[PDB]
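# Observations on chain architecture
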Amino acid sequence: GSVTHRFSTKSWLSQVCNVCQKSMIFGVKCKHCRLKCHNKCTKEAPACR
Ligand SMILES: [Zn+2]
Ligand SMILES: [Zn+2]
């Protein structure tokens, strides 16, 4: 079928990117593995195991 995980958007308030970690509120939820990362930051964040 497809091994592509679907990401979602989230922005609480006091949350920080789990990749570059900076002043902002950007987060993405990856299923199959369950991870959090900037709106994208794919260049920094690793590959969804
Ligand atoms: Zn980031
Ligand atoms: Zn995943």
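Scroll up to find the structure this text is about.
These lines cover the structure that appears in this document, whether it is placed above or below. (Residues numbered from 1 in each chain as written, not as in the entry; some residues may be left out. Chains lettered and ligands numbered in written order. Heavy atoms only, no water.)

### Describing the coordination of the zinc ion (ligand 2)
This is how it is decided: Counted as coordinating are nitrogen, oxygen and sulfur atoms within 2.8 Å of the metal, or 3.2 Å for Na, K and Ca, while water is not included, which may make sites look incomplete. Numbering goes from the N terminus for both helices and strands, where a helix is a DSSP run of H or I of at least four residues and a strand is a run of E of at least two. Each residue is placed in one exposure class: buried if its accessible area under a 1.4 Å probe, protein chains only, is under 20% of its type's maximum, exposed if it is over 50%, and partly exposed if it falls in between.
Those donors, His5 (ND1), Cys30 (SG), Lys31 (O), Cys33 (SG) and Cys48 (SG), are the protein atoms that reach the zinc ion (ligand 2), and they lie 2.0 to 2.4 Å from it. Here the donor residues of the zinc ion (ligand 2) share one chain and are spaced in sequence as H-x24-C-K-x1-C-x14-C. Within this pair, whereas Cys30 is found in strand β2 (residues 27-30), its partner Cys48 is found in the segment after β3 (35-37), the two being separated by 18 residues in sequence. Among the residues examined, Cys48 registers a relative accessible area of 32% and is labelled partly exposed.

### Some words on the coordination of the zinc ion (ligand 1)
Ideal coordination angles are 109.5 degrees for a metal with four donors arranged tetrahedrally and 90 or 180 degrees for a metal with six donors arranged octahedrally. To be explicit about the condition: By the criteria applied here, four donors are tetrahedral when all angles lie between 85 and 135 degrees, four are square planar and six octahedral when opposite donors are over 155 degrees apart and every other angle lies between 65 and 115, and any other arrangement is irregular.
For the zinc ion (ligand 1), every protein donor is listed as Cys17 (SG), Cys20 (SG), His38 (ND1) and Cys41 (SG), and the spread of their distances is 2.0 to 2.3 Å. Geometry at the zinc ion (ligand 1) is irregular, judged from the 4 donor atoms that bind it and their angles of 72 to 130 degrees at the metal. Along the chain, the residues donating to the zinc ion (ligand 1) fall in the pattern C-x2-C-x17-H-x2-C. Of this pair, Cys20 sits in the loop between β1 (7-10) and β2 while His38 sits in the segment after β3; the two residues are 18 residues apart in sequence, bridging distant segments of the chain. In this structure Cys20 comes out as buried when scored by relative accessible area, which is 18%.

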